[PDB]
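K.L.:
First, the structure itself, so that you have it in front of you.
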Amino acid sequence: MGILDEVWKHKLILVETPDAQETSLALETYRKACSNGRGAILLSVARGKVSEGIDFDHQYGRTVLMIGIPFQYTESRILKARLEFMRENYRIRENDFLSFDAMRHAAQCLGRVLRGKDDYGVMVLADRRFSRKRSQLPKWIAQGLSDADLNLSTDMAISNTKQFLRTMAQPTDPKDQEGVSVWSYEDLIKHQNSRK
Amino acid sequence: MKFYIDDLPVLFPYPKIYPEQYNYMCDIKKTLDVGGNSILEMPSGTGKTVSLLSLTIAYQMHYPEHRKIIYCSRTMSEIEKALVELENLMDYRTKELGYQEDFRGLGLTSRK
Amino acid sequence: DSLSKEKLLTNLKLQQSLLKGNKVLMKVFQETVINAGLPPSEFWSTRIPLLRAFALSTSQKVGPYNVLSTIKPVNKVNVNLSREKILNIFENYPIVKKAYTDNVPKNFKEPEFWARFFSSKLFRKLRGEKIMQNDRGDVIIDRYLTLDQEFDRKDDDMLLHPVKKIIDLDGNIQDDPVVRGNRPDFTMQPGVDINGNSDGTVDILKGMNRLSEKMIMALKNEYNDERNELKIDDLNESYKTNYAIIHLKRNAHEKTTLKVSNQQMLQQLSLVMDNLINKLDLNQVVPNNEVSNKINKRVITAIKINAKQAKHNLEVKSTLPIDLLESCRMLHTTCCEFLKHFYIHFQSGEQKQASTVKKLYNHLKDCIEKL
Amino acid sequence: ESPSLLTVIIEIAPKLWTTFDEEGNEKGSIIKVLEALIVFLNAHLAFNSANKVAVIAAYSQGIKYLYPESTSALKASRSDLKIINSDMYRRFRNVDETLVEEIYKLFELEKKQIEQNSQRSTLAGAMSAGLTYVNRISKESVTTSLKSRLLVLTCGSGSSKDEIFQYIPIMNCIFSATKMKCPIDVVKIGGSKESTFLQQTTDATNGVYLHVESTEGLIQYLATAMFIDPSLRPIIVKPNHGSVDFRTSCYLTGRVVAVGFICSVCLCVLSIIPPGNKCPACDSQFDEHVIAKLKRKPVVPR
Amino acid sequence: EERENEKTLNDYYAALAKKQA
Amino acid sequence: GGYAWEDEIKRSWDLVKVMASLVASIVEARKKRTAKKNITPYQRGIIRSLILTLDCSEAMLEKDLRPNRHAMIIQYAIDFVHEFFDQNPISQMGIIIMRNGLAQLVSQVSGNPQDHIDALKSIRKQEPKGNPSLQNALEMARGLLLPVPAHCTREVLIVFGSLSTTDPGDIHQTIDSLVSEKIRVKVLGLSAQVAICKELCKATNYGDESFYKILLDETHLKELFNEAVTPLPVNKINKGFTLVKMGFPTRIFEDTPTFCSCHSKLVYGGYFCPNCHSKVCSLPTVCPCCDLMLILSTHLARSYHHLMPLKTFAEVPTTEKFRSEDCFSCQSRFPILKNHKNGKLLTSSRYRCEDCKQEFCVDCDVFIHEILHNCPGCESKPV
Ligand SMILES: [Zn+2]
Ligand SMILES: [Zn+2]
Ligand SMILES: [Zn+2]
Ligand SMILES: [Zn+2]
Ligand SMILES: [Zn+2]
């Protein structure tokens with residue numbers, strides 16, 4: 001349908017191949033293209049090789065476009081047997097366990113975008129079924145997720161992303177973060193004395 | 001920096017520290033003094049690996065038991081990242097203490 | 001490299017092309033280099049930035065990009081093929097240039113070649129489209145399909161190289177070599193046909209990854225790091241400015257090419273006191289009709305001087321005809337160019353080029369004689 | 001057409017005026033220049049109903065506004081002294097009475113502490129204060145489209161030479177006046193024919209420079225040359241003779257600079273290479289190679 | 001005329017080529 | 001299972017629910033004054049060679065800035081050229097635009113702002129399009145800044161609007177070449193923080209990350225454009241302190257038109273060169289006949305206020321006994337300024353100077369520091 005042709009005008013497209021060597025070459029190509037400002041997009045499996053271990057700090061992140069909830073193939077016999085075992089032995093519901101596993105894979109996908117509090121990047125989740133799963137997110141992502149963003153469409157999500165990227169492209173105030181977001185040794189000593 | 005938690009001196013290899021990191025060291029030291037299992041979730045982005053390595057190396061050196069540290073990760077790449085952070089931590093510890101103490105740290109992977 | 005001063009001075013063809021392109025500089029050039037005998041190296045010595053600008057106007061090229069993705073039709077459909085589009089097709093896809101070299105001067109003309117190529121399966125493969133056997137392709141172009149796959153295989157040879165262990169995804173699956181867990185299902189695996197063979201949708205993924213790698217490695221030409229990568233720069237100390245500070249001494253020397261006592265100070269001050277108390281007659285300001293004559297004469301003479309200067313202050317009109325005015329203008333231009341070269345060689349301060357200074361002095365004497 | 005603000009900067013230095021009185025045959029020329037200024041201000045207020053007048057006196061120990069009075073002085077006050085006759089125009093009478101009362105107060109202050117002698121002339125500070133007052137009245141905009149004009153009445157008297165410490169403040173005043181389109185007119189009453197800084201002030205800010213030697217007949221000069229209203233500036237030519245070269249003085253020798261060398265850091269002007277290869281005002285060690293290139297003699301065959 | 005100017009530059013280039021020759 | 005219409009009415013008028021406002025304004029005013037406390041006489045390179053790189057690609061077609069990006073960037077660049085040549089007269093400037101993957105040079109590096117104004121007016125009519133190339137623009141800036149003398153600081157200003165760029169070759173080699181040539185690049189981004197621009201600004205400014213500026217709105221764009229007319233503070237490691245040989249021409253006066261030596265046209269006025277006696281049209285320019293910098297004293301005079309700045313005026317304490325009831329250089333009476341009923345003389349509008357201890361109003365505080373650059377109280381002090 002020619003979507004990728006429009007994508008090629010801005011960012012290079014790199015896809016996680018099943019071959020691990022070609023995936024590593026694609027990943028280092030993605031990092032090289034993000035470094036020199038050519039701009040690149042990486043398409044990866046949320047349960048694949050790239051989703052585990054590989055981090056996307058600073059320029060290598062800036063957006064985690066999550067296409068849908070990473071649920072497993074539900075009618076696979078191994079997963080159904082494991083779900084029945086979990087229900088019978090630990091009283092864990094099958095839908096609850098499936099939602100937990102998919103949400104933890106989504107969470108580990110979202111956790112790769114940040115390294116350091118100077119880093120920034122948006123986490124967009126493109127499915128209708130994330131909206132009920134706000135509580136199943138990790139606590140810090142839940143704090144970062146405002147209630148007005150739980151049912152966004154595409155257009156105001158794009159506008160909010162543009163406003164966000166304009167907002168933290170500005171230099172932060174050192175006085176706004178001197179002893180509240182990052183501590184010096186003196187701030188640590190002050191907090192130690194305040195605890196006791 | 002260098003600071004103290006209870007009676008345990010900690011050599012953090014950065015001049016600045018996140019508050020979540022200090023709470024993380026407090027919780028790990030409480031767990032290791034009690035001696036049980038624990039599940040701790042720092043937010044990503046903050047220096048979880050450097051905090052873990054700093055407190056565990058400080059606990060191993062200062063406390064006389066010199067308990068071994070088994071850092072089980074999920075992938076070889078994360079093993080290498082933990083090794084890099086550990087190398088930076090021990091370089092900082094050598095710089096601060098003025099000497100390289102008797103210390104061995106290695107990563108284990110396959111023959112390939 | 002090629003942008004150095006001597007390279008631009010020795011570049012005869014680029015100078016000739018700049019001379020052909022420009023028009024106003026030819027009046028200087030044909031009257032100074034040819035008609036006055038100035039060496040062209042001296043002429044282009046003072047115009048080195050102009051030569052560098054003309055070199056960089058044409059030497060630069062656009063960045064590589066997915067030119068075949070931009071090429072789309074618009075029954076009759078038409079596509080516009082720019083020359084730089086053809087060049088980028090050749091650069092990004094050497095298979096198209098290889099098929100161009102052995103066919104266009106040999107068998108059929110270039111528009112027929114591109115008409116055959118856009119109807120071929122090779123174009124669909126290079127565009128990332130899924131190839132289907134129902135399409136006709138082009139029988140001339142499709143002979144290169146196996147050789148295009150050979151080029152794709154050769155492209156993996158110099159692209160494959162060992163990577164750092166931070167992003168070594170190959171070694172992550174080789175960390176446990178004897179793992180024999182449950183086989184991943186068909187969702188975790190590439191698609192297959194009814195016969196179990198590959199459906200070719202992974203081929204377009206490998207093709208676009210190869211295209212991205214080729215674009216990136218095209219930048220890699222002549223045109224301990226893990227510790228730095230893994231360091232948290234926010235937790236480190238903030239950057240401290242090392243800007244130089246200056247302290248200025250204001251005790252300058254005074255400009256070079258009857259002090260009153262306090263008693264007469266107080267006497268004059270008290271005189272002004274009593275003269276302000278007794279009467280400030282403002283009618284005394286009127287001149288005595290004789291000093292006013294001199295004041296008006298001085299002011300009107302100053303006004304006459306300023307107004308004669310500022311009566312007359314795109315160039316202005318000239319009483320000369322255009323022939324004599326242009327002759328005076330080009331003589332002034334070649335005199336100014338000779339003067340500039342003479343002053344450059346005079347203030348250069350090198351004894352090795354004093355003969356050039358003597359020749360330029362003789363040229364200046366000839367300019368005086370011509371004036 | 002449009003009203004304008006006439007900010008008069010008169011430099012009543014008792015030493016300068018005493019030297020001017022001793023050089024001339026007459027005495028008490030401060031009275032003559034003050035009454036000529038008062039008549040000129042009356043003429044300016046007669047030019048338009050809405051124009052205003054500012055007067056700042058640059059005395060020995062600072063500056064002091066003469067018209068209008070200080071707001072604290074207005075609130076504290078009114079002993080109406082009879083220096084000016086009360087039968088004149090009240091609009092002129094208020095200005096004249098305020099001016100002469102503040103002249104008497106400032107001269108009583110000068111007599112009070114005449115034992116203290118200061119070598120720091122405050123003409124440039126008074127010019128800066130006048131520019132700030134012009135900015136205040138223009139930005140206040142109680143009268144819309146109010147023009148402005150600075151008149152500087154100074155005396156040289158052949159005693160005070162050119163002062164190098166005033167150069168940067170005068171240039172800053174020049175750029176502030178050029179930014180605000182406020183002409184600066186300078187009248188010099190002294191034996192020294194040329195005042196280079198004030199000539200540059202008049203030339204750069206589209207002002208009029210006028211050097212005179214006799215305080216008598218000064219109102220003719222003021223009403224003829226200095227009465228160029230800002231509305232009629234482009235249609236009236238200026239009698240400012242003696243065009244200035246816009247040069248400057250060398251830092252360590254003091255002479256007016258020819259082709260010269262300036263420091264790349266502090267922009268101090270040097271007519272020669274400084275000794276020790278170090279900048280005098282800036283203390284920056286110059287490279288010996290580049291100054292050897294500057295010291296290189298030109299070439300000629302034998 | 002531009003054409004005779006180009007002829008003069010071509011003749012100058014030919015003279016230069018003879019100079020290297 | 002319901003619908004939107006069956007829900008209760010919005011009642012937007014009910015949602016609107018309704019003195020210490022001066023204190024709330026003055027805390028922000030003091031925070032603004034807090035950021036201006038770090039005033040130091042940093043050495044700044046007065047002689048500059050600023051290459052203005054303007055984006056003219058498809059990202060300028062976005063109308064997120066009124067009316068489109070390209071038109072107001074051209075207008076702000078015109079205003080920036082005027083302000084830059086007003087405050088840095090000696091400095092030269094060249095203009096480069098990026099269009100269709102090719103950097104385009106539109107005006108040579110010259111000290112005449114009128115040529116750059118005409119070039120910008122010529123570029124204003126054409127429609128921007130294409131895909132920008134940071135490497136081509138930086139290479140052409142490197143070529144243009146190559147004949148710049150060592151005393152003159154080499155700077156590149158990039159008004160970059162796109163978020164991605166396409167380069168013919170490696171851009172890190174170009175960054176290393178720019179660092180080796182002592183070229184400082186300041187990039188004014190439009191959309192977001194591009195990593196390559198941040199890295200380029202960090203490397204070319206000796207580890208300074210504050211040279212990558214991103215606007216927020218119209219006023220922030222104007223402030224960022226007005227921030228670039230000030231000369232950049234040079235590094236301590238720079239040892240290019242060289243004497244600059246230059247002349248001060250005398251303004252020649254003649255009613256007869258004569259040929260100028262710079263453009264070979266009939267000019268009434270001019271300035272005869274003090275070294276080689278060749279007249280020039282405008283100043284400051286290098287001499288076309290003897291290659292000497294020809295400036296006036298006023299051209300030097302514009303730049304001492306960067307060399308020594310005025311220390312910022314200190315807000316007076318409320319409880320402190322005020323010296324005067326009116327302003328010093330302004331004589332505007334300071335009002336009571338009762339912010340609340342018991343505020344009394346809270347945040348008194350006097351601004352004491354650190355040297356003369358003279359009080360000034362808000363208009364004098366924002367005038368003596370901006371248009372003037374000298375304290376009238378400090379000059380009225382009889383030292
Ligand atoms: Zn200096
Ligand atoms: Zn000219
Ligand atoms: Zn000259
Ligand atoms: Zn004021
Ligand atoms: Zn002061």
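Labels used: A, B, ... for chains in the order of the structure tokens, numbers from 1 for residues in each chain, and numbers from 1 for ligands as shown.
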Would you tabulate, counting only C-alpha atoms and all ligand atoms, all residues of chain C that have an atom at most 10 Å from an atom of ligand 3, showing the closest pair of atoms and their distance in Å to one decimal, sorted by chain then ascending number, as a tab-separated table?
P.N.:
residue	atom	partner	partner_atom_place_in_ligand_line	distance
C:339	CA	ligand 3	1 (Zn)	9.6
C:340	CA	ligand 3	1 (Zn)	8.7
C:343	CA	ligand 3	1 (Zn)	8.6
K.L.:
How would you report the residues lying within 12 Å of ligand 1, as a PyMOL selection string, if you count only C-alpha atoms and all ligand atoms?
P.N.:
(chain C and resi 245-250) or (chain D and resi 251+261-270+274+277-286) or (chain F and resi 43-46+240-244+304+307)
K.L.:
Distance table requested - chain D against chain C, cut-off 6 Å, only C-alpha atoms: one row per qualifying residue with the closest atom pair and its distance in Å to one decimal, ordered by chain and rising residue number, as a tab-separated table.
P.N.:
residue	atom	partner	partner_atom	distance
D:35	CA	C:282	CA	5.8
D:36	CA	C:285	CA	5.9
D:217	CA	C:287	CA	5.1
D:239	CA	C:303	CA	4.6
D:241	CA	C:302	CA	5.8
D:251	CA	C:252	CA	5.3
D:252	CA	C:253	CA	5.1
D:253	CA	C:253	CA	5.9
D:254	CA	C:255	CA	4.1
D:255	CA	C:256	CA	5.2
D:281	CA	C:249	CA	4.8
D:282	CA	C:248	CA	5.3
D:298	CA	C:349	CA	5.0
D:299	CA	C:349	CA	5.4
D:300	CA	C:354	CA	5.6
D:301	CA	C:354	CA	5.6
K.L.:
If the cut-off is 9 Å, can you tell me the residues of chain C near chain F, counting only C-alpha atoms? I'd like them as a PyMOL selection string.
P.N.:
chain C and resi 3+48-50+52-53+56-57+60-65+216+218-223+239-248+308-318+329-330+332-333+336-344+347
K.L.:
Neighbouring residues of ligand 4 are defined here as those with any atom at most 9 Å from a ligand atom, counting only C-alpha atoms and all ligand atoms; list them as a ChimeraX atom specification.
P.N.:
/D:129,132-133,135-136 /F:326-333,350,359-365,367
K.L.:
Generate the output file for the selected residues, C-alpha atoms, as a PDB file, in the first residue's frame.
P.N.:
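Saved to result-v6.pdb:
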ATOM      1  CA  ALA D 129      21.386  60.938  32.365  1.00  0.00           C
ATOM      2  CA  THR D 132      17.824  58.147  30.156  1.00  0.00           C
ATOM      3  CA  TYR D 133      15.435  61.060  30.709  1.00  0.00           C
ATOM      4  CA  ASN D 135      13.996  57.441  27.125  1.00  0.00           C
ATOM      5  CA  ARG D 136      11.691  57.941  30.119  1.00  0.00           C
TER       6      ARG D 136
ATOM      7  CA  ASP F 326      13.016  59.856  42.806  1.00  0.00           C
ATOM      8  CA  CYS F 327      15.208  58.181  40.203  1.00  0.00           C
ATOM      9  CA  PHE F 328      18.783  59.318  39.661  1.00  0.00           C
ATOM     10  CA  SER F 329      19.318  59.564  35.898  1.00  0.00           C
ATOM     11  CA  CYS F 330      15.557  59.596  35.302  1.00  0.00           C
ATOM     12  CA  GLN F 331      13.995  61.453  38.324  1.00  0.00           C
ATOM     13  CA  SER F 332      10.781  59.448  38.167  1.00  0.00           C
ATOM     14  CA  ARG F 333       9.330  59.285  41.668  1.00  0.00           C
ATOM     15  CA  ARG F 350      14.885  51.261  43.171  1.00  0.00           C
ATOM     16  CA  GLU F 359      19.043  54.126  42.749  1.00  0.00           C
ATOM     17  CA  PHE F 360      17.331  53.679  39.384  1.00  0.00           C
ATOM     18  CA  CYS F 361      13.822  52.850  38.209  1.00  0.00           C
ATOM     19  CA  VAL F 362      12.733  49.877  36.104  1.00  0.00           C
ATOM     20  CA  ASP F 363      12.950  51.831  32.831  1.00  0.00           C
ATOM     21  CA  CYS F 364      16.454  53.015  33.675  1.00  0.00           C
ATOM     22  CA  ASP F 365      17.338  49.459  34.733  1.00  0.00           C
ATOM     23  CA  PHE F 367      17.726  51.047  29.412  1.00  0.00           C
TER      24      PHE F 367
END
K.L.:
Mind checking which residues fall within 8 Å of residue 377 in chain F, counting only C-alpha atoms, ignoring those fewer than 4 positions away in the same chain, and posting them as a list in words?
P.N.:
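Contacts, in chain order: residues 125 of chain D; 328, 329, 353, 356, 357, 358 and 381 of chain F.
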K.L.:
Those same residues - C-alpha atoms - I'd like them written as an mmCIF file, in the first residue's frame.
P.N.:
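After the write, selection-v1.cif holds the following:
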data_model
loop_
_atom_site.group_PDB
_atom_site.id
_atom_site.type_symbol
_atom_site.label_atom_id
_atom_site.label_comp_id
_atom_site.auth_asym_id
_atom_site.auth_seq_id
_atom_site.Cartn_x
_atom_site.Cartn_y
_atom_site.Cartn_z
ATOM 1 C CA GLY D 125 27.498 61.133 32.956
ATOM 2 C CA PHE F 328 18.783 59.318 39.661
ATOM 3 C CA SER F 329 19.318 59.564 35.898
ATOM 4 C CA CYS F 353 24.314 50.091 41.451
ATOM 5 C CA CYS F 356 28.039 54.384 42.826
ATOM 6 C CA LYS F 357 25.209 53.160 45.127
ATOM 7 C CA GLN F 358 22.688 55.134 43.063
ATOM 8 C CA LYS F 381 31.133 59.749 40.747
#
K.L.:
If we count only C-alpha atoms and set the cut-off at 12 Å, which residues sit around residue 15 in chain C, ignoring sequence neighbours fewer than 3 positions away in its own chain? Please answer as a ChimeraX atom specification.
P.N.:
/C:7-12,18-22,25-26,29,40-41,43-45,47-48,50-55 /E:9,13
K.L.:
Among range 138-200 of chain D, which residues carry a DSSP assignment of strand (DSSP E), reported as number ranges by chain?
P.N.:
D: 147-154, 184-189
K.L.:
Residues of chain C no more than 10 Å from chain A, counting only C-alpha atoms: send them over as a PyMOL selection string.
P.N.:
chain C and resi 63+65-72+127-129+156+159-164+166-174+182+185-190+202-217+229-235+237-238
K.L.:
Give me the residues within 12 Å of residue 132 in chain C as a ChimeraX atom specification, counting only C-alpha atoms and dropping any in the same chain fewer than 3 places off.
P.N.:
/C:120-122,124-125,129,135-137,199-201
K.L.:
Kindly save the residues from that selection, with N, CA, C and O atoms included, as a tab-separated table (two decimals), in the first residue's frame.
P.N.:
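Here's the written file again-v4.tsv:
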chain	number	residue	atom	x	y	z
C	120	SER	N	9.84	-4.90	-15.52
C	120	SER	CA	10.55	-6.14	-15.21
C	120	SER	C	10.38	-6.52	-13.74
C	120	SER	O	10.09	-5.68	-12.88
C	121	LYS	N	10.59	-7.81	-13.46
C	121	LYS	CA	10.57	-8.30	-12.09
C	121	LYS	C	11.75	-7.79	-11.27
C	121	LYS	O	11.66	-7.76	-10.04
C	122	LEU	N	12.85	-7.42	-11.93
C	122	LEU	CA	14.00	-6.88	-11.22
C	122	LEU	C	13.66	-5.56	-10.54
C	122	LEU	O	14.12	-5.30	-9.42
C	124	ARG	N	10.65	-4.70	-9.45
C	124	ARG	CA	9.80	-5.02	-8.31
C	124	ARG	C	10.61	-5.60	-7.16
C	124	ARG	O	10.33	-5.31	-5.99
C	125	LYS	N	11.61	-6.42	-7.47
C	125	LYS	CA	12.47	-6.97	-6.43
C	125	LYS	C	13.30	-5.88	-5.76
C	125	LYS	O	13.43	-5.86	-4.53
C	129	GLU	N	8.95	-5.00	-3.56
C	129	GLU	CA	7.67	-5.65	-3.83
C	129	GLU	C	7.83	-7.16	-3.83
C	129	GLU	O	8.88	-7.70	-4.20
C	135	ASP	N	3.23	-12.32	-13.04
C	135	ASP	CA	3.72	-11.15	-13.74
C	135	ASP	C	4.64	-11.56	-14.88
C	135	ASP	O	5.39	-12.54	-14.79
C	136	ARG	N	4.58	-10.80	-15.98
C	136	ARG	CA	5.38	-11.13	-17.15
C	136	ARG	C	6.85	-10.76	-16.98
C	136	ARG	O	7.72	-11.47	-17.48
C	137	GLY	N	7.14	-9.66	-16.28
C	137	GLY	CA	8.50	-9.17	-16.23
C	137	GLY	C	8.95	-8.66	-17.59
C	137	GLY	O	8.15	-8.26	-18.44
C	199	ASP	N	7.63	-18.19	1.79
C	199	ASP	CA	6.74	-17.40	0.97
C	199	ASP	C	7.39	-16.14	0.41
C	199	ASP	O	6.73	-15.39	-0.31
C	200	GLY	N	8.66	-15.89	0.74
C	200	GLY	CA	9.39	-14.78	0.17
C	200	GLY	C	9.17	-13.45	0.84
C	200	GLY	O	9.77	-12.45	0.40
C	201	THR	N	8.34	-13.37	1.88
C	201	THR	CA	8.15	-12.11	2.57
C	201	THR	C	9.33	-11.74	3.44
C	201	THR	O	9.51	-10.56	3.76
K.L.:
I want to know what sits within 8 Å of residue 208 in chain D, based on only C-alpha atoms, with residues of the same chain fewer than 4 positions away left out; could you give that as a ChimeraX atom specification?
P.N.:
/D:184-186,202-203,225-226,238-240
K.L.:
Only C-alpha atoms, please: the residues just picked out, written as a PDB file, in the first residue's frame.
P.N.:
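Below is the file that was written, selection_5.pdb:
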ATOM      1  CA  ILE D 184      23.055  65.593  19.936  1.00  0.00           C
ATOM      2  CA  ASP D 185      23.981  69.245  19.430  1.00  0.00           C
ATOM      3  CA  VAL D 186      27.161  70.502  21.095  1.00  0.00           C
ATOM      4  CA  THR D 202      27.601  65.665  16.550  1.00  0.00           C
ATOM      5  CA  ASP D 203      28.660  64.003  13.296  1.00  0.00           C
ATOM      6  CA  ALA D 225      22.040  77.006  14.407  1.00  0.00           C
ATOM      7  CA  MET D 226      20.795  75.144  17.494  1.00  0.00           C
ATOM      8  CA  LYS D 238      23.613  71.888   9.323  1.00  0.00           C
ATOM      9  CA  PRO D 239      26.337  74.529   9.779  1.00  0.00           C
ATOM     10  CA  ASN D 240      28.680  72.095  11.537  1.00  0.00           C
TER      11      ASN D 240
END
